[PDB]
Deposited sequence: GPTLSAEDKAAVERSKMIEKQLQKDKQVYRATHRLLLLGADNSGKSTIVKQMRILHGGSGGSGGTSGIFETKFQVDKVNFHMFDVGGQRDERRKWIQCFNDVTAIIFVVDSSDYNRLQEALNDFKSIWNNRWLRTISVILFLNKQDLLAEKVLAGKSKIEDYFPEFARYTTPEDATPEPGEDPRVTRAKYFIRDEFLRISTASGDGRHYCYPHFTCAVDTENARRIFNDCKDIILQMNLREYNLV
């Protein structure tokens, strides 16, 4: 029977494509038009340590996005870019992050949070959120930038414990280390997934 032969050939090709599919990591790039997403459907393919990353930027539809977002359920990570320089739209970015974080179909996806345009924020600070006055910088490395980071981290840690994680980063328009950061957080995400599997979580 030639039908069985054709099916076997198709299955062999499907196994090859299974190897190719599993050997690739896919990322969803999100952020407002204010932020510098491009500088960080458009498809960007890059390689870190002989590892392939495919990042998708969906900008061909309307602002109603509660239906086509479900297409990215099994994405490896969501790279969320935020303009920390503009305080006017900072609350919009916070609401966007909260909606992305608490979505039912994105509740198992980790977010790499980029706080872009840190040079503009530094310039603006040197010569909206009333809680900033009653704020003290943490015992972290080297106030406004860490205040914004903590504003995002409060939403991140409010819900979704152990299922997905947020990885904040401070970024400039001329930063060349974003790919390495993405690689490292993706490695941590894979480690967390393995740990959750080993414990039957």
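Of the deposited sequence, positions 1 to 8, 49 to 67, 155 to 161, 177 to 186 lack any modelled C-alpha atom.
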